[PDB]
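Data block for upload_17.pdb (PDB, C-alpha atoms (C1' of nucleotides) and all ligand atoms):
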MODEL        1
ATOM      1  CA  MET A   1       0.000   0.000   0.000
ATOM      2  CA  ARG A   2       1.382   3.315  -1.212
ATOM      3  CA  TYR A   3      -1.410   5.904  -1.071
ATOM      4  CA  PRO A   4      -4.282   6.549   1.346
ATOM      5  CA  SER A   5      -6.777   5.686  -1.403
ATOM      6  CA  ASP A   6      -5.213   2.225  -1.774
ATOM      7  CA  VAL A   7      -7.264   1.027   1.204
ATOM      8  CA  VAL A   8     -10.451   0.953  -0.890
ATOM      9  CA  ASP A   9      -9.579  -1.744  -3.426
ATOM     10  CA  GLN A  10      -7.237  -3.616  -1.056
ATOM     11  CA  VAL A  11      -9.219  -4.017   2.180
ATOM     12  CA  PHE A  12     -12.722  -2.854   1.190
ATOM     13  CA  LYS A  13     -12.598  -4.300  -2.355
ATOM     14  CA  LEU A  14     -15.233  -1.837  -3.546
ATOM     15  CA  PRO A  15     -15.617  -1.501  -7.329
ATOM     16  CA  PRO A  16     -15.613   2.085  -8.629
ATOM     17  CA  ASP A  17     -18.876   3.996  -8.794
ATOM     18  CA  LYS A  18     -20.804   4.645 -12.003
ATOM     19  CA  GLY A  19     -21.034   7.809 -14.056
ATOM     20  CA  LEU A  20     -17.367   8.660 -13.512
ATOM     21  CA  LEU A  21     -15.404  10.541 -16.146
ATOM     22  CA  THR A  22     -12.275   9.005 -17.657
ATOM     23  CA  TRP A  23      -9.052  11.008 -17.654
ATOM     24  CA  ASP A  24      -7.756  11.658 -21.177
ATOM     25  CA  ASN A  25      -5.003  14.219 -20.615
ATOM     26  CA  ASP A  26      -1.569  14.595 -19.056
ATOM     27  CA  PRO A  27      -1.358  12.785 -15.693
ATOM     28  CA  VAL A  28      -2.045  14.854 -12.588
ATOM     29  CA  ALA A  29      -2.277  13.948  -8.920
ATOM     30  CA  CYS A  30      -5.504  13.510  -6.997
ATOM     31  CA  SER A  31      -6.426  16.607  -5.014
ATOM     32  CA  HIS A  32      -6.914  14.398  -1.933
ATOM     33  CA  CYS A  33      -4.423  11.498  -1.875
ATOM     34  CA  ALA A  34      -1.868  12.839  -4.418
ATOM     35  CA  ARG A  35      -2.341   9.649  -6.451
ATOM     36  CA  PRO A  36      -1.519  10.110 -10.153
ATOM     37  CA  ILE A  37      -4.538  10.050 -12.456
ATOM     38  CA  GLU A  38      -3.164   8.785 -15.760
ATOM     39  CA  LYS A  39      -5.027   8.174 -19.005
ATOM     40  CA  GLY A  40      -7.802   5.619 -18.669
ATOM     41  CA  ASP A  41      -8.197   6.095 -14.916
ATOM     42  CA  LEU A  42     -11.656   6.918 -13.594
ATOM     43  CA  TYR A  43     -11.883  10.315 -11.899
ATOM     44  CA  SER A  44     -14.488  12.949 -11.061
ATOM     45  CA  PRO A  45     -14.201  16.746 -10.844
ATOM     46  CA  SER A  46     -14.030  18.306  -7.403
ATOM     47  CA  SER A  47     -17.440  19.152  -5.911
ATOM     48  CA  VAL A  48     -16.488  19.318  -2.239
ATOM     49  CA  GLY A  49     -18.968  22.068  -1.337
ATOM     50  CA  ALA A  50     -18.918  25.009   1.046
ATOM     51  CA  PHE A  51     -18.570  22.812   4.160
ATOM     52  CA  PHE A  52     -15.140  21.454   3.171
ATOM     53  CA  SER A  53     -12.679  22.834   5.730
ATOM     54  CA  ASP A  54      -9.594  20.951   4.497
ATOM     55  CA  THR A  55      -8.487  23.038   1.531
ATOM     56  CA  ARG A  56      -5.109  23.413   3.243
ATOM     57  CA  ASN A  57      -4.534  19.650   3.144
ATOM     58  CA  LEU A  58      -5.317  19.243  -0.559
ATOM     59  CA  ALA A  59      -2.426  17.484  -2.258
ATOM     60  CA  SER A  60      -2.789  19.380  -5.538
ATOM     61  CA  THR A  61      -4.855  22.055  -7.269
ATOM     62  CA  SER A  62      -5.927  19.707 -10.079
ATOM     63  CA  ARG A  63      -9.584  19.757  -8.930
ATOM     64  CA  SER A  64      -9.792  16.043  -9.761
ATOM     65  CA  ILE A  65     -10.730  13.220  -7.395
ATOM     66  CA  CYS A  66     -10.059   9.550  -8.063
ATOM     67  CA  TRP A  67     -12.810   6.993  -7.536
ATOM     68  CA  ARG A  68     -11.117   5.498  -4.470
ATOM     69  CA  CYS A  69     -11.222   8.892  -2.770
ATOM     70  CA  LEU A  70     -14.841   9.336  -3.870
ATOM     71  CA  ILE A  71     -15.594   6.118  -1.998
ATOM     72  CA  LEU A  72     -13.516   7.372   0.943
ATOM     73  CA  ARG A  73     -15.414  10.687   1.018
ATOM     74  CA  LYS A  74     -18.785   9.051   1.703
ATOM     75  CA  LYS A  75     -20.381   9.849   5.051
ATOM     76  CA  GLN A  76     -20.495   6.169   6.008
ATOM     77  CA  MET A  77     -16.775   5.940   5.248
ATOM     78  CA  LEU A  78     -15.926   9.117   7.175
ATOM     79  CA  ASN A  79     -17.847   8.000  10.262
ATOM     80  CA  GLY A  80     -16.461   4.467  10.068
ATOM     81  CA  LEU A  81     -12.858   5.682   9.778
ATOM     82  CA  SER A  82     -12.944   8.190  12.644
ATOM     83  CA  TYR A  83     -10.810   6.021  14.969
ATOM     84  CA  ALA A  84      -9.677   3.396  12.477
ATOM     85  CA  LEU A  85      -6.388   1.565  11.943
ATOM     86  CA  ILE A  86      -6.308   0.197   8.392
ATOM     87  CA  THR A  87      -3.705  -2.511   7.878
ATOM     88  CA  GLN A  88      -3.342  -4.884   4.930
ATOM     89  CA  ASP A  89      -5.502  -7.522   6.620
ATOM     90  CA  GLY A  90      -8.411  -5.260   7.529
ATOM     91  CA  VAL A  91      -9.687  -2.212   9.383
ATOM     92  CA  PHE A  92      -9.425  -2.101  13.176
ATOM     93  CA  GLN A  93     -10.757   0.402  15.704
ATOM     94  CA  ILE A  94      -8.269   2.053  18.057
ATOM     95  CA  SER A  95     -10.886   4.090  19.952
ATOM     96  CA  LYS A  96     -10.188   2.332  23.253
ATOM     97  CA  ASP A  97      -7.134   3.151  25.358
ATOM     98  CA  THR A  98      -5.958  -0.468  25.398
ATOM     99  CA  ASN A  99      -6.052  -0.532  21.596
ATOM    100  CA  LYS A 100      -3.971   2.656  21.492
ATOM    101  CA  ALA A 101      -1.426   1.175  23.900
ATOM    102  CA  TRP A 102      -1.200  -1.995  21.815
ATOM    103  CA  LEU A 103      -0.765  -0.006  18.599
ATOM    104  CA  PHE A 104       1.888   2.331  20.012
ATOM    105  CA  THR A 105       3.841  -0.382  21.837
ATOM    106  CA  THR A 106       3.296  -3.539  19.734
ATOM    107  CA  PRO A 107       2.376  -2.280  16.255
ATOM    108  CA  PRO A 108       1.417  -4.549  13.361
ATOM    109  CA  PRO A 109       4.311  -5.280  10.986
ATOM    110  CA  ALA A 110       2.640  -4.611   7.633
ATOM    111  CA  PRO A 111       2.108  -1.088   6.263
ATOM    112  CA  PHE A 112      -0.868   0.568   7.919
ATOM    113  CA  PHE A 113      -2.702   3.868   8.254
ATOM    114  CA  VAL A 114      -3.627   5.349  11.637
ATOM    115  CA  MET A 115      -6.615   7.679  11.958
ATOM    116  CA  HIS A 116      -8.101   9.539  14.898
ATOM    117  CA  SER A 117     -10.747  12.254  14.758
ATOM    118  CA  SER A 118     -10.582  15.244  17.083
ATOM    119  CA  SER A 119     -14.262  16.100  16.537
ATOM    120  CA  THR A 120     -17.600  14.588  15.533
ATOM    121  CA  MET A 121     -16.601  13.955  11.913
ATOM    122  CA  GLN A 122     -13.503  14.844   9.919
ATOM    123  CA  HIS A 123     -11.806  14.053   6.628
ATOM    124  CA  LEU A 124      -8.963  11.786   7.724
ATOM    125  CA  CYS A 125      -8.290   8.786   5.503
ATOM    126  CA  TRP A 126      -7.094  10.663   2.419
ATOM    127  CA  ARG A 127      -4.755  12.787   4.566
ATOM    128  CA  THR A 128      -2.978  10.046   6.535
ATOM    129  CA  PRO A 129       0.392   9.051   5.055
ATOM    130  CA  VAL A 130       1.186   5.355   5.077
ATOM    131  CA  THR A 131       3.375   3.994   7.878
ATOM    132  CA  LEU A 132       6.021   2.033   5.989
ATOM    133  CA  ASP A 133       7.984   0.993   9.100
ATOM    134  CA  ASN A 134       6.407   0.372  12.500
ATOM    135  CA  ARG A 135       9.334   2.086  14.237
ATOM    136  CA  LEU A 136       8.253   5.469  12.793
ATOM    137  CA  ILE A 137       4.453   5.549  12.964
ATOM    138  CA  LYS A 138       2.638   8.462  11.321
ATOM    139  CA  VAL A 139      -0.680   9.218  13.038
ATOM    140  CA  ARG A 140      -3.275  11.697  11.773
ATOM    141  CA  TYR A 141      -5.195  13.094  14.747
ATOM    142  CA  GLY A 142      -7.750  15.520  13.355
ATOM    143  CA  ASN A 143      -5.787  18.346  11.745
ATOM    144  CA  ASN A 144      -2.409  17.429  13.271
ATOM    145  CA  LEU A 145       0.030  15.107  11.508
ATOM    146  CA  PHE A 146       1.774  13.202  14.294
ATOM    147  CA  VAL A 147       4.901  11.049  14.285
ATOM    148  CA  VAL A 148       4.918   8.405  17.024
ATOM    149  CA  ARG A 149       7.951   6.240  17.762
ATOM    150  CA  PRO A 150       7.070   3.155  19.850
ATOM    151  CA  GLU A 151      10.572   2.995  21.338
ATOM    152  CA  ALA A 152      10.189   6.511  22.751
ATOM    153  CA  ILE A 153       6.749   5.612  24.119
ATOM    154  CA  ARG A 154       8.199   2.552  25.850
ATOM    155  CA  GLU A 155      11.098   4.574  27.256
ATOM    156  CA  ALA A 156       8.769   7.253  28.643
ATOM    157  CA  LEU A 157       6.536   4.590  30.191
ATOM    158  CA  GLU A 158       9.607   3.023  31.805
ATOM    159  CA  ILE A 159      10.685   6.452  33.074
ATOM    160  CA  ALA A 160       7.287   6.944  34.700
ATOM    161  CA  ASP A 161       7.375   3.440  36.192
ATOM    162  CA  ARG A 162      10.821   4.005  37.718
ATOM    163  CA  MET A 163       9.722   7.407  39.010
ATOM    164  CA  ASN A 164       6.548   6.063  40.644
ATOM    165  CA  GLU A 165       7.547   2.508  41.608
ATOM    166  CA  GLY A 166       7.803   3.271  45.326
ATOM    167  CA  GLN A 167       5.459   6.158  46.092
ATOM    168  CA  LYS A 168       1.870   5.085  46.706
ATOM    169  CA  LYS A 169       0.350   8.214  45.124
ATOM    170  CA  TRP A 170       1.070   7.883  41.408
ATOM    171  CA  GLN A 171       2.008  11.199  39.787
ATOM    172  CA  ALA A 172       2.422  11.937  36.091
ATOM    173  CA  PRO A 173       6.000  13.042  35.289
ATOM    174  CA  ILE A 174       4.775  15.134  32.337
ATOM    175  CA  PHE A 175       1.469  16.937  31.894
ATOM    176  CA  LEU A 176      -0.407  15.450  28.942
ATOM    177  CA  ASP A 177      -3.784  16.158  27.346
ATOM    178  CA  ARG A 178      -5.663  13.578  25.290
ATOM    179  CA  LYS A 179      -6.982  16.377  23.069
ATOM    180  CA  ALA A 180      -3.509  17.972  22.761
ATOM    181  CA  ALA A 181      -5.246  21.269  23.501
ATOM    182  CA  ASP A 182      -4.193  22.413  26.978
ATOM    183  CA  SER A 183      -1.598  25.170  27.238
ATOM    184  CA  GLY A 184       0.370  22.892  29.575
ATOM    185  CA  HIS A 185       0.533  19.981  27.128
ATOM    186  CA  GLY A 186       4.015  18.484  27.153
ATOM    187  CA  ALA A 187       5.231  20.536  30.112
ATOM    188  CA  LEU A 188       6.931  18.804  33.020
ATOM    189  CA  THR A 189       4.783  18.460  36.123
ATOM    190  CA  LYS A 190       6.178  19.373  39.525
ATOM    191  CA  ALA A 191       6.603  15.783  40.678
ATOM    192  CA  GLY A 192       8.567  14.967  37.533
ATOM    193  CA  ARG A 193      10.472  18.229  37.889
ATOM    194  CA  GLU A 194      11.923  17.405  41.330
ATOM    195  CA  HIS A 195      11.766  13.610  41.041
ATOM    196  CA  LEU A 196      13.544  12.936  37.711
ATOM    197  CA  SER A 197      17.202  13.039  36.737
ATOM    198  CA  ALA A 198      18.606  15.474  34.184
ATOM    199  CA  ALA A 199      18.765  12.817  31.464
ATOM    200  CA  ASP A 200      15.150  11.733  31.991
ATOM    201  CA  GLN A 201      13.950  15.347  32.021
ATOM    202  CA  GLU A 202      15.879  16.003  28.806
ATOM    203  CA  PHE A 203      14.299  12.920  27.231
ATOM    204  CA  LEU A 204      10.807  13.987  28.306
ATOM    205  CA  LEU A 205      11.270  17.488  26.892
ATOM    206  CA  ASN A 206      12.584  16.073  23.583
ATOM    207  CA  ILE A 207       9.650  13.866  22.559
ATOM    208  CA  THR A 208       7.589  14.522  19.454
ATOM    209  CA  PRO A 209       4.093  16.022  19.777
ATOM    210  CA  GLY A 210       2.670  12.717  18.576
ATOM    211  CA  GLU A 211       4.448  10.911  21.397
ATOM    212  CA  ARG A 212       2.971  13.341  23.925
ATOM    213  CA  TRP A 213      -0.481  12.733  22.447
ATOM    214  CA  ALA A 214      -0.027   8.951  22.597
ATOM    215  CA  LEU A 215       1.283   9.026  26.167
ATOM    216  CA  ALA A 216      -1.762  11.116  27.072
ATOM    217  CA  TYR A 217      -3.712   7.888  26.436
ATOM    218  CA  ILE A 218      -1.245   5.203  27.515
ATOM    219  CA  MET A 219       0.326   6.819  30.605
ATOM    220  CA  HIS A 220      -1.871   6.765  33.716
ATOM    221  CA  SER A 221      -1.823   5.519  37.296
ATOM    222  CA  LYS A 222      -3.062   2.131  36.032
ATOM    223  CA  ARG A 223      -1.532   1.594  32.601
ATOM    224  CA  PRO A 224      -3.996  -0.055  30.184
ATOM    225  CA  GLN A 225      -3.079  -3.585  29.202
ATOM    226  CA  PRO A 226      -2.531  -3.821  25.426
ATOM    227  CA  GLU A 227      -5.155  -5.772  23.510
ATOM    228  CA  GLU A 228      -5.825  -6.462  19.855
ATOM    229  CA  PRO A 229      -8.598  -4.261  18.418
ATOM    230  CA  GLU A 230     -11.574  -5.881  16.744
ATOM    231  CA  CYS A 231     -11.936  -5.901  12.971
ATOM    232  CA  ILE A 232     -14.404  -3.329  11.658
ATOM    233  CA  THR A 233     -14.302  -3.508   7.837
ATOM    234  CA  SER A 234     -17.315  -5.837   7.868
ATOM    235  CA  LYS A 235     -19.360  -3.245   9.772
ATOM    236  CA  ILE A 236     -18.288  -0.416   7.459
ATOM    237  CA  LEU A 237     -19.060  -2.482   4.361
ATOM    238  CA  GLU A 238     -22.473  -3.454   5.744
ATOM    239  CA  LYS A 239     -23.337   0.165   6.542
ATOM    240  CA  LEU A 240     -22.153   1.246   3.079
TER     241      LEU A 240
ATOM    242  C1'   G B   1       9.082  27.354  -3.250
ATOM    243  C1'   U B   2      11.430  26.894   5.989
ATOM    244  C1'   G B   3       5.210  19.577   6.455
ATOM    245  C1'   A B   4       5.508  25.584   4.061
ATOM    246  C1'   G B   5       1.280  28.575   2.748
ATOM    247  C1'   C B   6      -4.030  30.599   5.232
ATOM    248  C1'   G B   7      -6.740  31.326  10.431
ATOM    249  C1'   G B   8      -9.476  37.136  16.552
ATOM    250  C1'   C B   9     -10.179  33.076  22.606
ATOM    251  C1'   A B  10     -14.204  35.992  21.421
ATOM    252  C1'   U B  11     -18.728  37.310  23.212
ATOM    253  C1'   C B  12     -22.179  38.311  28.365
ATOM    254  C1'   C B  13     -21.903  39.184  34.343
ATOM    255  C1'   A B  14     -22.970  44.700  40.856
ATOM    256  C1'   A B  15     -18.723  42.230  45.878
ATOM    257  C1'   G B  16     -23.108  43.458  47.974
ATOM    258  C1'   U B  17     -26.169  43.467  52.218
ATOM    259  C1'   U B  18     -26.406  44.435  58.226
ATOM    260  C1'   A B  19     -23.288  46.649  62.707
ATOM    261  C1'   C B  20     -22.858  53.209  68.685
ATOM    262  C1'   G B  21     -15.428  53.624  70.291
ATOM    263  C1'   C B  22     -18.339  53.057  74.485
ATOM    264  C1'   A B  23     -18.622  52.881  79.646
ATOM    265  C1'   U B  24     -15.636  54.967  84.579
ATOM    266  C1'   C B  25     -11.773  59.088  86.542
ATOM    267  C1'   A B  26     -10.639  66.738  91.387
ATOM    268  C1'   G B  27      -4.899  69.882  88.207
ATOM    269  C1'   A B  28      -4.517  68.976  93.115
ATOM    270  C1'   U B  29      -1.307  69.949  97.429
ATOM    271  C1'   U B  30       2.801  74.657  99.795
ATOM    272  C1'   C B  31       5.139  79.552 100.130
ATOM    273  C1'   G B  32       5.503  88.449 102.607
ATOM    274  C1'   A B  33       6.385  92.937  96.719
ATOM    275  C1'   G B  34       9.306  93.836 100.607
ATOM    276  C1'   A B  35      13.947  94.646 101.292
ATOM    277  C1'   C B  36      18.527  97.346  99.361
ATOM    278  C1'   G B  37      23.440 103.115  97.933
ATOM    279  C1'   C B  38      27.501 106.347 101.792
ATOM    280  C1'   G B  39      27.379 113.770 105.207
ATOM    281  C1'   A B  40      32.515 107.269 107.903
ATOM    282  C1'   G B  41      37.491 111.888 108.386
ATOM    283  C1'   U B  42      43.643 116.818 107.682
ATOM    284  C1'   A B  43      47.086 119.599 104.988
ATOM    285  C1'   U B  44      51.028 118.382 101.524
ATOM    286  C1'   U B  45      54.347 113.645 100.934
ATOM    287  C1'   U B  46      56.554 107.430 101.537
ATOM    288  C1'   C B  47      57.835 103.288  99.732
ATOM    289  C1'   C B  48      56.877 102.997  93.592
ATOM    290  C1'   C B  49      53.608 101.554  88.658
ATOM    291  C1'   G B  50      54.260 103.618  83.454
ATOM    292  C1'   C B  51      59.531 106.291  81.108
ATOM    293  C1'   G B  52      58.609 116.963  82.444
ATOM    294  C1'   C B  53      53.543 114.492  83.021
ATOM    295  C1'   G B  54      49.599 110.194  83.638
ATOM    296  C1'   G B  55      48.978 107.240  89.361
ATOM    297  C1'   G B  56      48.607 103.001  95.211
TER     298        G B  56
HETATM  299 ZN    ZN C 301      -7.496  10.227  -4.434
ENDMDL
END
This entry written out as C-alpha cells:
Amino acid sequence: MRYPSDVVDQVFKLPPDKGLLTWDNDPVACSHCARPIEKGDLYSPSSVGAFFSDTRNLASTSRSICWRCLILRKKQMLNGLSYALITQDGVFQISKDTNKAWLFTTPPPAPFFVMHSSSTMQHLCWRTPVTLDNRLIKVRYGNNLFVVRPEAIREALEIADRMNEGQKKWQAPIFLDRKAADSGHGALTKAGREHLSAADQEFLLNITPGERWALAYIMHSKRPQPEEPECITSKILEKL
RNA sequence: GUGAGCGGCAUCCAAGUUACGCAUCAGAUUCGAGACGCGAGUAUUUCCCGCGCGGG
C-alpha cells in the first residue's frame, strides 16, 4: 500500500462507482491522496462544497478526485474511519485506550494507516500518510500530523514506572492532554520536575508532539493492558 | 518554493447586604512685693607703677 486511497480496493474491495469521467489528458495527482490520475483512470471533478474545511490539506490544485477517494469521502466511510487503523488484513478500531497502547507499543508489521478524529466527523483517511515501518508511525489526529515512535513511548513509560515505583500516590511526570489542547501539554509536572534526573527530564522534553499525544492515552496511574482491536471492515461495508 | 502557505479566545456578568469607640476618673497639694546706695574723716608727701607728666 502506497497511497491513502489504496485502502479501498485492497481491504474494502469496492468496485468504482458509475457515471465517472475518464481522464484523457496529461497525468495529474488527486487533489486528496496525491495519487496520479493517468489516461484511462476513472476520476471525477471536485465538488467538495462550502462545508469542506480541508483546503489546506489538498495534495494538488488539479480539482480532480479519483474513484477510491470518492468512496472514501462518503459519510459512512468518514464515520467508520474516525478512529480506524487500516492494515493490509483489515480495518481495526483504536478508539479504546488499550487498543492505542497496543498499537503504540506492539504495532502490526505490515504497512498501515492510523486515523483519529478530534471532533464529531472529519476528513482523515485521504490525509494520513502510510506507515512504511512500524518504528516510525505516522498518526493523523484531526488536523495534526503526528509522528509516534514506539521505542520513545516505551522509554517514557519506563521512566514513569521508575519514578513512581515506590510512592503510593502515582504522579504523572509530564502533563499530557488527550486532546492535545491544553496550554500545559508536554510541560513537566512538579513531581517529575523534582523527582527525575537530568537525562530523563531532557528525554521527556525532547519527545515529538505525537508521542505526547499517545502518552496522554497510555500513561496513567493504572496503565492499560494492550489488547488487539476488533476488525471493523465488515461493519463499514455493511453500513455502506 | 522553511510539512511551508491561510486562520481574533471571542462574546455576556454589581462584591453586595447588616453593625454606637463606648462605659468609669478633682490639676490637686505649699510659700511676705518687701527689702537694698555712703554727710565714715587733715594739709602736703613714703615706699613705687608707666619712662617733664599720667597714678597706690
Ligand atoms: Zn485520491
Between A:57, A:88, A:164, A:64, which is the closest to residue 36 in chain A once you count all atoms listed in the file?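 Looking at the shortest contact to residue 36 in chain A, the residue is A:64.
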Which residues sit within 7 Å of ligand ZN 301 (chain C), counting all atoms listed in the file, listed as number ranges by chain? A: 5, 30-35, 65-69, 126
What is the CA of residue 124 in chain A to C1' of residue 1 in chain B distance in Å?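 Value for the CA of residue 124 in chain A-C1' of residue 1 in chain B distance: 26.2 Å.
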Would you give me, as CSV, each residue of chain A having an atom within 10 Å of an atom of chain B, along with its shortest atom pair and that distance in Å to one decimal, using only C-alpha atoms (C1' of nucleotides) and sorting by chain and residue number?
residue,atom,partner,partner_atom,distance
A:55,CA,B:6,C1',9.5
A:56,CA,B:6,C1',7.5
A:145,CA,B:3,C1',8.5
Which residues, written as a ChimeraX atom specification, have at least one atom at most 6 Å from residue 92 in chain A, with all atoms listed in the file counted and residues fewer than 5 positions away on the same chain left out? /A:84-85,229-232
Let me see the file: selected residues, C-alpha atoms, as a PDB file, in the frame of the given file.
ATOM      1  CA  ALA A  84      -9.677   3.396  12.477  1.00  0.00           C
ATOM      2  CA  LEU A  85      -6.388   1.565  11.943  1.00  0.00           C
ATOM      3  CA  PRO A 229      -8.598  -4.261  18.418  1.00  0.00           C
ATOM      4  CA  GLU A 230     -11.574  -5.881  16.744  1.00  0.00           C
ATOM      5  CA  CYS A 231     -11.936  -5.901  12.971  1.00  0.00           C
ATOM      6  CA  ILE A 232     -14.404  -3.329  11.658  1.00  0.00           C
TER       7      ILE A 232
END
Written as a short mmCIF file (atom, residue, chain, number, x, y, z; two decimals) with C-alpha atoms, keeping the file's coordinate frame, what is the full residue list that the PyMOL selection byres (((chain A and resi 211) around 12) and not hetatm) yields on the file shown?
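Writing done, so here's out11.cif:
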data_model
loop_
_atom_site.label_atom_id
_atom_site.label_comp_id
_atom_site.auth_asym_id
_atom_site.auth_seq_id
_atom_site.Cartn_x
_atom_site.Cartn_y
_atom_site.Cartn_z
CA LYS A 100 -3.97 2.66 21.49
CA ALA A 101 -1.43 1.18 23.90
CA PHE A 104 1.89 2.33 20.01
CA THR A 105 3.84 -0.38 21.84
CA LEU A 136 8.25 5.47 12.79
CA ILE A 137 4.45 5.55 12.96
CA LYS A 138 2.64 8.46 11.32
CA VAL A 139 -0.68 9.22 13.04
CA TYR A 141 -5.20 13.09 14.75
CA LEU A 145 0.03 15.11 11.51
CA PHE A 146 1.77 13.20 14.29
CA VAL A 147 4.90 11.05 14.28
CA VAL A 148 4.92 8.40 17.02
CA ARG A 149 7.95 6.24 17.76
CA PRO A 150 7.07 3.16 19.85
CA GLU A 151 10.57 3.00 21.34
CA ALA A 152 10.19 6.51 22.75
CA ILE A 153 6.75 5.61 24.12
CA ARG A 154 8.20 2.55 25.85
CA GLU A 155 11.10 4.57 27.26
CA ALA A 156 8.77 7.25 28.64
CA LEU A 157 6.54 4.59 30.19
CA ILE A 174 4.78 15.13 32.34
CA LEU A 176 -0.41 15.45 28.94
CA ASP A 177 -3.78 16.16 27.35
CA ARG A 178 -5.66 13.58 25.29
CA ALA A 180 -3.51 17.97 22.76
CA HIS A 185 0.53 19.98 27.13
CA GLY A 186 4.01 18.48 27.15
CA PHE A 203 14.30 12.92 27.23
CA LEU A 204 10.81 13.99 28.31
CA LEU A 205 11.27 17.49 26.89
CA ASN A 206 12.58 16.07 23.58
CA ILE A 207 9.65 13.87 22.56
CA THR A 208 7.59 14.52 19.45
CA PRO A 209 4.09 16.02 19.78
CA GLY A 210 2.67 12.72 18.58
CA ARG A 212 2.97 13.34 23.92
CA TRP A 213 -0.48 12.73 22.45
CA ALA A 214 -0.03 8.95 22.60
CA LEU A 215 1.28 9.03 26.17
CA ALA A 216 -1.76 11.12 27.07
CA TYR A 217 -3.71 7.89 26.44
CA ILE A 218 -1.25 5.20 27.52
CA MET A 219 0.33 6.82 30.60
#
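Atom pair CA of residue 28 in chain A / CA of residue 4 in chain A has a distance of 16.4 Å (rounded to one decimal).
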Identify all residues satisfying the PyMOL selection byres (((chain A and resi 78) around 8) and not hetatm) in the given file; provide them as a PyMOL selection string. chain A and resi 72-77+79-82+121-125
Just give me the gap between CA of residue 134 in chain A and CA of residue 98 in chain A in Å, one decimal is fine.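 Those two atoms sit 17.9 Å apart.
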Taking (-19.1, 8.7, -8.2) as a centre in this file's frame and 8 Å as the limit, can you find every polymer residue with an atom that close, using all atoms listed in the file, and give them as a PDB file with C-alpha atoms, in the coordinates of the input?
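result-v7.pdb written:
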ATOM      1  CA  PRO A  16     -15.613   2.085  -8.629  1.00  0.00           C
ATOM      2  CA  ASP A  17     -18.876   3.996  -8.794  1.00  0.00           C
ATOM      3  CA  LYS A  18     -20.804   4.645 -12.003  1.00  0.00           C
ATOM      4  CA  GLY A  19     -21.034   7.809 -14.056  1.00  0.00           C
ATOM      5  CA  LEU A  20     -17.367   8.660 -13.512  1.00  0.00           C
ATOM      6  CA  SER A  44     -14.488  12.949 -11.061  1.00  0.00           C
ATOM      7  CA  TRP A  67     -12.810   6.993  -7.536  1.00  0.00           C
ATOM      8  CA  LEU A  70     -14.841   9.336  -3.870  1.00  0.00           C
ATOM      9  CA  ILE A  71     -15.594   6.118  -1.998  1.00  0.00           C
TER      10      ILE A  71
END
Which residues come within 7 Å of range 188-195 of chain A, counting all atoms listed in the file, excluding same-chain residues fewer than 5 positions away, as a PyMOL selection string? chain A and resi 163+171-175
